[PDB]
Each structure stands twice: as structure tokens, then as C-alpha cells.
J.: 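Take this structure first; my questions come after.
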Amino acid sequence: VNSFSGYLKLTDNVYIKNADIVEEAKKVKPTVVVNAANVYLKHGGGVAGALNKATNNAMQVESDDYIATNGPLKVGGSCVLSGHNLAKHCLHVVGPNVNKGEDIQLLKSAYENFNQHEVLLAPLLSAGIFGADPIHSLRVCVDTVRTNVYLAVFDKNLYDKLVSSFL
Ligand SMILES: O=C(NS(=O)(=O)Cc1ccc(Br)c(F)c1)c1cnn2ccccc12
């Protein structure tokens, strides 16, 4: 028994809610929050910018040090950094950005990173400003992640569409 509230159960291990992931993280303070990162860990917009802004830019400062030491992530890759005021840890995961010509097949690889963590608060990877079909992202999530994932989808219209079309 954990502290997540108001989620709709989709499968044995996948749950969903129409919520802002930043507000959810501030309220729950989960072990792991997932960031929709890019390979440079440049947190300007979407989930990354909003989490980062909520950390008063401490996430970006930590991220720049990580990149200066390790170089960029791979598309489909991840790294674990601090969750600052929002979570114990932040799992920065790079889904393919369709708007940059990245291979959508890498979305499954991106979701595989979630399997290294027992429980996660996460957004829908490659959705919104990353340019991929959100219904597809949810399908890949359900078919790839085996650990307990609590999904926060910002858009009510999209949330309702995701639930109503879910197989
Ligand atoms: O990215 C999120 N949810 S989402 O479903 O995965 C992708 C998505 C987001 C907004 C729109 Br409009 C859309 F069409 C698709 C999301 C969840 N909290 N949060 C907070 C700040 C910014 C973003 C987010």
C-alpha cells in the first residue's frame, strides 16, 4: 500500500490520472518521478521545464554537471539523479522526439528503463511536444513496463480519449 490517490487501474501494474505530474509529485513525494528528458538534459519545456521550474532550477544545475562529466544520454536511455523537492529520485528518460526524426521503435527501449524501479510516477513518453501518438505511447507502456507505474496525463481531453480507447 502506497500514497497515490484517485488513479484509474488499467492493468495489473499500470494506473492513470488526469493530473499535472509536478503537482502530483509535490503532494505524493514518490520514490521516483520520471522526467521526459532530452539527451542533453536541457529542461526547457513540457514535463522537464515544469519539474525543473518547480526545483527552482536545481534540477538543471545538477543535470549540467552530469552532462559535463558523462556526456549526453542515448535516445531510449536514462539516468538517475536527485528528485530534489519533488521525489527521492528523478529518472530522466529520453523517448524519441518524432519532431526531430528519431525512430519511434526506440519508445519501447525508453519504457524498459522503468523496469529498474519498483514504483514510478511518470508522464506519457514521447507524447505532447515530443510529437508521437499518445494512444500508441500508452499501448507501448502497458506492453513493456512490468513494475508499478502511475501515469499523470496533463490534458483532460487526452485523458478521456486514452481511457475511452484503451483496449
Ligand atoms: O506531459 C504531460 N502529460 S502527457 O499526456 O504525457 C503529454 C501531453 C501533455 C499535454 C498535452 Br496538451 C498533450 F497533448 C500531451 C504532463 C503531465 N504533467 N505535466 C506537467 C507539465 C507539463 C506537462 C505535463
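Position 1 is the first residue of the sequence; numbering continues from there. As the structure lists them, so they are numbered: ligands from 1, and atoms in each ligand from 1.
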J.: Would you please say whether a donor-acceptor pair under 3.5 Å links the side chains of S63 and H43?
T.: yes
J.: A127 heavy atoms, cut-off 4.0 Å: which ligand 1 atoms fall inside?
T.: 7 (C)
J.: Check each atom of ligand 1 against the heavy atoms of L158 and keep those under 4.0 Å away; list them by number with element.
T.: 5 (O), 15 (C)
J.: Which protein non-hydrogen atom lies closest to atom 5 (O) of ligand 1, naming both residue and atom, and how far is it?
T.: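 So the nearest neighbour among protein heavy atoms is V153 CG1, 3.2 Å.
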J.: If you count the non-hydrogen atoms of other residues, nucleotides and ligands that lie under 6.0 Å from CG in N157, is the total more than 12?
T.: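 Atom CG in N157 is not crowded, with 12 or fewer foreign heavy atoms closer than 6.0 Å.
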J.: For atom 18 (N) of ligand 1, what's the nearest protein heavy-atom neighbour? Residue, atom name and distance, please.
T.: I21 N, 2.9 Å
J.: Pairing donors with acceptors under 3.5 angstrom, does anything connect the side chains of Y15 and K9?
T.: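 A pair is found: one side chain offers a donor N or O, the other an acceptor, under 3.5 Å apart.
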J.: Against heavy atoms of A152, which atoms of ligand 1 measure under 4.0 Å?
T.: 3 (N), 17 (C)
J.: For atom 8 (C) of ligand 1, what's the nearest protein heavy atom and its distance?
T.: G128 CA, 3.7 Å
J.: Does ligand 1 come near enough to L124 that some N or O of the ligand is less than 3.5 Å from an N or O of the residue?
T.: yes
J.: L162 pairs by side chain to side chain contact (heavy atoms under 4.5 Å, CB included) with which of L151, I16, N18?
T.: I16
J.: Would you say CG of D133 has more than 12 non-hydrogen atoms from neighbouring residues, nucleotides or ligands within 6.0 angstrom?
T.: yes
J.: Quick one: does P134 get within less than 4.0 Å of ligand 1, heavy atoms only?
T.: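 Outside the 4.0 Å threshold, so no.
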J.: Among all protein heavy atoms, pick out the one at the shortest distance from atom 12 (Br) of ligand 1; state its residue, atom name and that distance to 0.1 Å.
T.: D155 OD1, 3.7 Å
J.: Tell me the protein heavy atom at minimum distance from atom 20 (C) of ligand 1, and give that distance in Å.
T.: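 Sorting protein heavy atoms by distance from atom 20 (C) of ligand 1 puts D20 OD1, 3.2 Å first.
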J.: Can you measure from CG (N57) to NE2 (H84) and round to the nearest 0.5 angstrom?
T.: 9.5 Å
J.: When you measure from atom 24 (C) of ligand 1 to every protein heavy atom, which one gives the shortest distance, and what is it?
T.: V47 CG2, 3.5 Å
J.: Name the residue from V140, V145, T144, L138 that meets the side chain to side chain contact (heavy atoms under 4.5 Å, CB included) definition with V142.
T.: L138
J.: Which atoms of ligand 1 are found less than 4.0 Å from any heavy atom of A50?
T.: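 Atoms satisfying the 4.0 Å criterion: 21 (C).
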J.: Please list the nearest protein heavy atom to atom 9 (C) of ligand 1 with its residue and the distance rounded to 0.1 Å.
T.: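 Minimum-distance protein heavy atom for atom 9 (C) of ligand 1 reads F154 CB, 4.0 Å.
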J.: Ligand 1 and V22, any nitrogen or oxygen pair closer than 3.5 angstrom?
T.: no
J.: Would a distance-only check, ignoring hydrogens and angles, find a side-chain to backbone donor-acceptor pair under 3.5 Å from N35 to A48?
T.: yes
J.: Mind checking whether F4 and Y150 have parallel, tilted or perpendicular rings, split at 30° and 60°?
T.: parallel
